[PDB]
Amino acid sequence: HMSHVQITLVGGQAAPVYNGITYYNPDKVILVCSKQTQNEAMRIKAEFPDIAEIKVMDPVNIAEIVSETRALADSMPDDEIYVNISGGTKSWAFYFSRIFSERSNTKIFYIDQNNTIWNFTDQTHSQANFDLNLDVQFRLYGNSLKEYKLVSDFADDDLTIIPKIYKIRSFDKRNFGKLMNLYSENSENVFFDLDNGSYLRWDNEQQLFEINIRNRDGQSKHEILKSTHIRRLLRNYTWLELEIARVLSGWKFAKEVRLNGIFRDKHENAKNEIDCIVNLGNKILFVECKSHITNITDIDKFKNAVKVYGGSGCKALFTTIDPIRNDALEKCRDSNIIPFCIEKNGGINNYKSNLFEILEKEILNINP
Amino acid sequence: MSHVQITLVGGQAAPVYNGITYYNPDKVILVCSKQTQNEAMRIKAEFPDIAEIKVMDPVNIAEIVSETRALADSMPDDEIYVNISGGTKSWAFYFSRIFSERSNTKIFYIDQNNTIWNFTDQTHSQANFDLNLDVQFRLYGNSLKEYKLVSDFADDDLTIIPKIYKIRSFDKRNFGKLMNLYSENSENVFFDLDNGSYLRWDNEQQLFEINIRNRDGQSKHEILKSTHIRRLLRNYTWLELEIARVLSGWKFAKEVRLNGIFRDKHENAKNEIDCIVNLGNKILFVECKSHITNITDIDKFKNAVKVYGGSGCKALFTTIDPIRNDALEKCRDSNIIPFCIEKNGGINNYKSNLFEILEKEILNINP
RNA sequence: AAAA
Ligand SMILES: [Br-]
Ligand SMILES: [Br-]
């Protein structure tokens, strides 16, 4: 009987190549790559080691493309051929689609960033009936997130204390920020203070944080901060990343939420920390979280991490408590990053619906 | 008959612009989506009297076929070329087929080397023009209004570079800490460390006096004097100048800019770029450091290259000191060319190795 | 997956 053979073009993005094999479940895969995309091709082959093989070809030279594409076609019996032209250069797509459409049992297809499979031959479409696995996608893009947290790694009192930390901080942001930075830099000390009287004290007996914030008018806000993992929450604004992960966890489009991930190199040296990663099923949402932006080139770091770990199909969200300055906003538009400021969108107890609305307007768009 | 060009507008404005410049058509149809409308408007601004914009869904076959067939039918007697370089594979598939139903239609594609590929005839030719840096930046939405040239420096700024490098080599950390103290409080005249190293400005003789101690009881004392030595010793400006200088002599460089700043709409800085090289058919961006301290500087650099120059640029990260394995992996992640001067022949003999590495990469198409 |  006729075999099902998929010829698929490997560009920079491994995701649509992998997704097209997963959808059609082919009997045999021909991965067409260049010298620049050969590692991507090898990572894809490693997910289907028994059926896939690799053909290397120059990405733009027409003389070679036509000659080697005819050679490939000459080597293939009359089977059911499907060509995924999603990846690879326009040059490959132009000639693969034409040469293989000379056979009556050939379908040319394309899978978009929403996991809609478009059959270009029959002018039909259908939807992929599978969800992305985050660990598979990172591996396909060369990496593994071996370190991270779930919202369920945190107790419920870690979640309920979040509005209180936020309120205390708003009594005087600069003093809160300075104390938090001193705590995060020497978290093994027990007492941190400013000259104006602000302080943060750790009480190991009561498993408790006693904090005092001074404002510019000389008033004090003196409160306690007690939760199962409060020592972790106050390190580097982990509580803020937790808050975003918790609320996205309840979002109708989220299938899985991971928090405080670290991507390492082949020698276990850290390459990037990621605040929050949401599995949307047909794409990944990355999230960077800050109290406020100080170094606006953090926006550049963030966008590059997103492209490196998840590829060009991902969405990128940058959340802050504080209003974002115009230079940071323009950089967000430059990089196609969704900016979100909590205090300007309802505050800590009433931002959820605005955030969901902004994401849902973008979730189905195809990234240029 | 008119020469109409229909061109697909993806995220990259350069192939669209370059395709129009090459053929010089009487009429341009910029086919874009709602996601690439800004790109289309910026290309139209360069051809405002001949180009119009048509908005299309990027992937919906039924809409694309209907609206592409209507567009085609709306120009019965015209010679039409179609640039399928930009835009989705969906557009490329149906635009190429629907329009090649006419004998006065050529489908073409321009690659990142500015080679024009005529897909209909299976022929190629090379663009007869060179990149302009300011048009390209404008197309991608920015302006480099601030930058220097190598010629803005003096001859004795160029000859003192190896002396500086060699002084640093005597003890890199001690040199580094004096340089940091200087770069922060430039106006002070004496900087010193507990171990005896010092940097001193002599206002009468208009020179620096520097003394670097090592870890074996010895010291290197020298004079540093050039036209702009005070600027050169700030934030390793001398290193950027050195790379800018050598790239100025490279046969593939058409034009070299250093210390550029891209700013937002209120003149606040978005990125500083150490060195920008016009190669005629693409741009090379350069980042210079004595040594990498925060390896996520590689991420920042790469995104700036994409934002300002596009996906067809080359990116070079040069250091003095060895680039460690974690930094090298990140450069691989980001398709950045790493280059360590010390490991490639030192400050006087690295040119050949550096030109060799760039020349292998220069003709490759970036994925 | 929208000069790959
Ligand atoms: Br804890
Ligand atoms: Br095509």
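All values below were derived from every heavy atom in this structure, side-chain atoms included, with hydrogens, water molecules and symmetry-related copies excluded. Numbers restart at 1 for each chain; the letters A, B, ... are given by sequence-line order, proteins then strands.
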With heavy atoms under 4.0 Å as the rule, sort [X] into base, sugar-phosphate or nothing.
X: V59(B); result: nothing
X: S33(B); result: base
X: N84(A); result: nothing
X: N114(A); result: nothing
X: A92(B); result: nothing
X: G11(B); result: sugar-phosphate

Do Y23(B) and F108(B) make the cut of ring centroids closer than 6.0 angstrom?
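Ring centres of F108(B) and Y23(B) closer than 6.0 Å.
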
For [X] and [N], what is the distance between atoms [atom1] and [atom2] respectively, to the nearest whole Å?
X: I84(B); N: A3(C); atom1: CD1; atom2: P; result: 12 Å
X: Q12(B); N: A3(C); atom1: CD; atom2: P; result: 5 Å
X: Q136(B); N: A3(C); atom1: CD; atom2: P; result: 14 Å
X: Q113(A); N: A2(C); atom1: CD; atom2: P; result: 7 Å
X: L363(B); N: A3(C); atom1: CG; atom2: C1'; result: 15 Å
X: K89(B); N: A2(C); atom1: NZ; atom2: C1'; result: 9 Å
X: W91(B); N: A2(C); atom1: CH2; atom2: P; result: 10 Å

With a cut-off of less than 4.0 Å, is there a side-chain N or O of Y17(B) near OP1 or OP2 of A3(C)?
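No, outside the criterion.
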
Measure up the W91(B) and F95(B) rings against each other and bin them: parallel (under 30°), tilted (30 to 60°), perpendicular (over 60°).
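Perpendicular.
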
Both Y109(B) and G311(A) contact RNA chain C. Taking the nearest nucleotide for each, which residue is further toward the 5' end?
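It is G311(A) whose nearest nucleotide is closer to the 5' end.
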
At their closest point, which heavy atom of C33(A) faces which heavy atom of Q38(A), and how far apart are they?
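It is SG-CG, 3.4 Å.
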
Answer yes or no: is there an ion pair linking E79(B) with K27(B), defined by an N-O contact shorter than 4.0 Å?
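The answer is no: the pair does not qualify as a salt bridge.
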
Any sub-3.5 Å donor-acceptor pair from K89(B)'s side-chain atoms to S86(A)'s backbone N or O?
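Pair found, side chain donor or acceptor close to backbone of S86(A).
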
Would you kindly check whether a donor in the side chain of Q35(B) faces an acceptor in the base of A2(C), or vice versa, at under 3.5 angstrom?
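Per atom types, the contact qualifies.
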
